[PDB]
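Data first, discussion second: the structure below is written as structure tokens.
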Amino acid sequence: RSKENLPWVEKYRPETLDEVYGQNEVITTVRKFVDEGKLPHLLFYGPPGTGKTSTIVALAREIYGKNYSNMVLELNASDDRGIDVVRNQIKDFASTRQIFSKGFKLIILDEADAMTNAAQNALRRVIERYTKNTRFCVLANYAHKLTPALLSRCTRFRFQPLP
Amino acid sequence: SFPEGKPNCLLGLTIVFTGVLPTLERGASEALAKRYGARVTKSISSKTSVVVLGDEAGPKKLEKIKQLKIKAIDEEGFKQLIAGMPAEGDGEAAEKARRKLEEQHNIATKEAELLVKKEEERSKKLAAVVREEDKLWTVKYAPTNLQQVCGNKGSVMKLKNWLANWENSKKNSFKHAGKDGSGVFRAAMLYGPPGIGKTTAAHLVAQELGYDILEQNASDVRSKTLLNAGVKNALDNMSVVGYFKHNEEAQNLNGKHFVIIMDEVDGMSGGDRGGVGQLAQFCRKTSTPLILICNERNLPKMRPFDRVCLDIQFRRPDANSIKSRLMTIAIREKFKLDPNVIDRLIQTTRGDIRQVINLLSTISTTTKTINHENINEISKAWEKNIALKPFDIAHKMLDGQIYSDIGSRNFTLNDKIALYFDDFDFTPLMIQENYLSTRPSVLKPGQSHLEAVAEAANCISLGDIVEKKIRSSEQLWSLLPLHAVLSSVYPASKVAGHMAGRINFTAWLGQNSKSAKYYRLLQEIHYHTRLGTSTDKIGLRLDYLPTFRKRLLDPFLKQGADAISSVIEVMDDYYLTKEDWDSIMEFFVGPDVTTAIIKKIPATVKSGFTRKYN
Amino acid sequence: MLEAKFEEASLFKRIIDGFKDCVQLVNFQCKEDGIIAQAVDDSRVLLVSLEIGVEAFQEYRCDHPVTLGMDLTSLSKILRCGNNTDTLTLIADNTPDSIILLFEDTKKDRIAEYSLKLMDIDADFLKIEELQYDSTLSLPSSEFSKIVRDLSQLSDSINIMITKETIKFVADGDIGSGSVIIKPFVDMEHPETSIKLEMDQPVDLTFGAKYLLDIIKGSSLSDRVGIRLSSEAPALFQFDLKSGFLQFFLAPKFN
Amino acid sequence: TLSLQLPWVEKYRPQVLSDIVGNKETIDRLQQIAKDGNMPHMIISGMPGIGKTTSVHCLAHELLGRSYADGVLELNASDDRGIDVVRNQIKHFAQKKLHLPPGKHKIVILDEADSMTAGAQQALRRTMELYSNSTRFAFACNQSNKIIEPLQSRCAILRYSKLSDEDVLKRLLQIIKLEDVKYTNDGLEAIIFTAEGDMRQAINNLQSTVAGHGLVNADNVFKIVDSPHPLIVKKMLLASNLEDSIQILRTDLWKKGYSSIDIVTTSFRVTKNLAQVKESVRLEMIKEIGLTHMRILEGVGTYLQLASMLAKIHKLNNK
DNA sequence: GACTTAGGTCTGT
DNA sequence: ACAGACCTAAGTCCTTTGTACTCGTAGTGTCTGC
DNA sequence: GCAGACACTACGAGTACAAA
Ligand SMILES: Nc1ncnc2c1ncn2[C@@H]1O[C@H](COP(=O)(O)OP(=O)(O)OP(O)(O)=S)[C@@H](O)[C@H]1O
Ligand SMILES: Nc1ncnc2c1ncn2[C@@H]1O[C@H](COP(=O)(O)OP(=O)(O)OP(O)(O)=S)[C@@H](O)[C@H]1O
Ligand SMILES: Nc1ncnc2c1ncn2[C@@H]1O[C@H](COP(=O)(O)OP(=O)(O)OP(O)(O)=S)[C@@H](O)[C@H]1O
Ligand SMILES: [Mg+2]
Ligand SMILES: [Mg+2]
Ligand SMILES: [Mg+2]
């Protein structure tokens, strides 16, 4: 393969925060956040193919390094959107420490607009209680699906269509 | 606006605010009348002292006024009326109300003194475990006997009588009902709105009659296995805690036996596997009294209990009964309460003495005087938001005042959507059933009733489309607010007005069940006739059944008892049964209805037909 | 305070396992005589009374009389933690909010302290008075357990009729019925297997099955059961201990 | 970096009951119960971020003193709050014996209580009354309608309201002074306007503005926090001419990346919450947006359908 | 300004 | 005392789907005792 | 080795779906 037998959409996926274009405001603000260390709970909402997943993956790569796939809880909310995930995986990950290196924890919830209302109503306190050691990232195409409570605990960034 | 008046100026006057008043709403007028001791009733009657109507009165109420010759005034007349009349109502009717108020105050003072004496006695005992202050106002003032329960006097008397002659009924083997008639049933249910003292009444009647009380929370214990073990074993065994509780004294023979007071029976699990239907089998065989208690008796999961229990409906106590109790608790607790406020408090709480108790307990911490100045805010902050019955949703939805220019500001469109969302399964059906039985009052200039009805029907059809899209394989529940407008709000706004007759229930459910049953029967007959008939389900009913009647029932009508064989032959030509014949004869409509015909064939022909077929 | 040291922790574990499936909450009143505790069943059909005297304990000290309100399931969980040969020391401080069970082994240096939070139970100290019993029986525990468990399968009722020199248990159920009859025999060679009868007046009584298996669950405490039967009075089932017993007061069905 | 600082929402959470700004009457009553004792069962309802959890926690801490560790039981929506927790955890906690100050009692705080199952809510009814002498239950929820009426009867109903701009300004000014942040009056006003009474969002947006740009100004705040979507939706709906409304939809909504479903839903909500337009006209425009919403949810989401919806609305307004 | 059914309390004959 | 007269509290009253959640029953595997 | 005994996992029936 060598990342060359892949579709151009996947092979040209950005790997660093400097290879994401268009959303310069969001990239600069988030880079400043992570440099000063005051990174809040993020909610990237925007149209498809505007570079939200790539942005958050590059952010995890920058903050944690090359081994970001073992030290960040990346959950596809479409595949698992139950309250059981909130009780079992998300909360255990947030509460405990890290097996690899010292630091805070990141939970990247992809397509959380599919998350059930019960799951979001459960997460609205998982986000608050463990704010000492973990931070939450919520990726959304549609913000109307998401509960209003989960839209008040996360700093909102809108991803504009690419100019 | 309204001039001030001397305290209790309007005392002893029965005032009905029928007419619409430009400056005050109906609630505001009622409040400003009850501030001065006036009595407000919903019905104009012979004893109605004055009727207040500025304009826009009702023809039925107007006819009542004309017949009863009741004096009437307007809003400006009411403003003049408030100031002029003297304090405390003078007139004999005012003297009667004065005597009643003084008597109630004396009873409150006497019972407060009695409570003080009891507290002093308890302090003397303690000097010689939880402190009384630590207890809640709801439990520290809980009734210790039947003579302190507020309201539902007949209900507590009936429960006492049933439990008293339960032993005699058991001796009579429950076959004889008795004079009161409660002895035939083996179990009794107390059902009503929450907090009207059902549990308290049951506990106190069981205490007075001497039986040993066993309390089970049916919500906590609802599974069939736990219910079975515990209370099945308890139904016919004696009480060890009762045998050791001085059986040697002979006053109480009921001390050994059990009274099982089951609370929150409405929380039982449903279904045949669930225990809600299994407990009826329990009541069908009991050697000890059973007192089930529930809030929502008219709930489908609770259907099996209908015939095996004595249903006793506890109703919301009227304010007059509870005034005395609130006065005693107010005199004891050193917070000032005036009687004129009391009524609205009950209306704020909807007859829940418990929540009135808690309301006073919470509010008296900071404000020590509950008076007419702050009662409006208390009501606005403590009002019970209870989901209305579908009949009430239909009544308010098809109301002219709601969709008028002035009424729209008071009740916004969002509130109408909320009324729909209270019950999202029946309001579309209730409006469809009762949008054509109202006299409209919002007809635009140049529009008749029929045009508004047609527009409403078109909107109901669009709402049915929206409902199908909502309630199909796509499950587009995000259209639920839209289905709120198209199905309920818009047609009701189109045909808003006064209710002509009564609010009927949705007939769609019953006819839908009938259609399902008839479709099932048609499937059985069609699949029986399939081997000969080359048709579908609908074609059989449309074409063959009219012809099948002429070859099945008409020979019985004309040629006589010798038709059976021939009928049997055609029966055996399509694998029909007697049930099949009865089903086919039940599918015809209009002119060809056979219900009267099958009665007119003589019983001999029917008996011969069944005998020959068998 | 209170410092009561058991010789062995298995005894308390078996005692609690005996009567933990019938009643859930208990009150252990610790007096200078020992630990007296009764529990009324939730159905209020059975009563359990337990006395463990000072002779049972290695070293029992109590300064002011106290009551410990306890949950049987939590105590069973705690007692399961200790080893069989450990010495369990119940230690309680003034105004008790928890009881500090202390398992300790003299062979090693392992010490295990478990604090069980005390439950607040409000119930009356109902007075217990003996009466002349028409029938008093002493039977092997394992035998009685077996008849009860065999008959409970067919039906939910156990009818004990003590006719002249005969004890018959009968169960009548929807599918099938069962009867087991025992004659009284006294064996000198083994006193344990002996069957002992006293019959002032013949008795017939029907008792609930579930409470009866709850009673037979105490078979581990003693080798022999003591059954006292009176027609109109609750039946006594006694499992005797070295310094006490596990008395069960059972209520028969209406007849 | 490895470590992160506390959010100002949690760092500056009120630790005493006096710090809570809005809903003065209820807070003063809670302070009076805090001093006197004997707290009744209560249900705290309102909108997100007006200090409901903080109020109950200040009350519980002040009541129970040093006994907060044992006398107070948290149950949250993140935990399992079925009938099992009422049978096993809640019942055992309420039966527990614990010696407290003469007036105070053990406290059960059930946060996010609106999501409790019907079975658990019904089972809690008798645990509330039987053990009330020792334990007092407290519920906090956004919607009081989800809690069953039998439970509502046994407790005092305290309803919180949206925070007025003045109280939000006071709290933000206090946080501004403690954290030495540079600000302008326009920036603070924009922050309150964007928060819309949600103090949590106000503090979060203030901290984000300070972190990203360094100065609380109108430009910076509006850059980091967008102007409300319902406002531009309302402006598009209430346009005098069709072309103006089309321009608003094209530039402010479609070109800025808002999805069609969002525009249609916000249009429906703005229509039903609008007051200047008469009810009949509002209902007919609601019908048109309902047709458009059906079309969008059927997969046809384009600028053309929204434009046709606006054209129909303008035809309806133009008679 | 909806119908029937029902309860609680008073006064008059 | 007794039916009537006021007044008020209340009852009329049961449909699927798609997927997530819950709760009790039924079934399974695995540890301990004899 | 052989049988129960709780304890975990699989199955099945009931209920609610929005907005603020
Ligand atoms: N800003 C961008 N800069 C560079 N490439 C981009 C950008 N946005 C999208 N792409 C390309 O498009 C691909 C998809 O990006 P994603 O971030 O996965 O899309 P998305 O923003 O997550 O939208 P979704 O997945 O529909 S919610 C990337 O792998 C890149 O190849
Ligand atoms: N009629 C009444 N008179 C006096 N006090 C009452 C009355 N009804 C209720 N109360 C008070 O309310 C407390 C609780 O009464 P309950 O009998 O539990 O009400 P409830 O009818 O059983 O409502 P539930 O439990 O929700 S079904 C009592 O202890 C009294 O303090
Ligand atoms: N009245 C207030 N005074 C001061 N800070 C407040 C106030 N209301 C909210 N906050 C801030 O907002 C944060 C969240 O408060 P909470 O009470 O947890 O929110 P909530 O009102 O309970 O709504 P939730 O959590 O969505 S159910 C607090 O920690 C404070 O920083
Ligand atoms: Mg993506
Ligand atoms: Mg009750
Ligand atoms: Mg909260």
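Chain identifiers are assigned as A, B, and so on, following the order in which chains appear in the structure tokens; residues are numbered from 1 within each chain, and ligands are numbered from 1 in order of appearance.
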- Task: Name the residues of segment 36-272 of chain D that fall into alpha helix (DSSP H) according to DSSP on the backbone, using the chain letters and numbers of this document, as number ranges by chain.
- Result: D: 36, 53-64, 68-71, 83-84, 91-95, 118-130, 149-153, 165-179, 185-195, 199-212, 218-224, 229-237, 242-248, 260-272
- Item | Test item: chain A residues at most 12 Å from chain G, counting only C-alpha atoms (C1' of nucleotides), as a VMD selection string | chain A and resid 116 to 118 144 to 145 147 to 149
- Task: Around ligand 6, at most 10 Å away and counting only C-alpha atoms (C1' of nucleotides) and all ligand atoms, which residues are there? Put them as a PyMOL selection string, please.
- Result: (chain A and resi 124-125+128+149) or (chain D and resi 44-56+76+111-113+140-142)
- Return as a ChimeraX atom specification the residues of protein, DNA or RNA that approach ligand 1 to within 7 Å, with only C-alpha atoms (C1' of nucleotides) and all ligand atoms taken into account. /A:8-14,19-23,47-55,111,139-141
- Message: Any residue with an atom at most 6 Å from ligand 2 counts, using only C-alpha atoms (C1' of nucleotides) and all ligand atoms. Which are they? Put them as a ChimeraX atom specification.
- Response: /B:138-139,141-143,149-151,194-200,294-295,353-354 /D:150
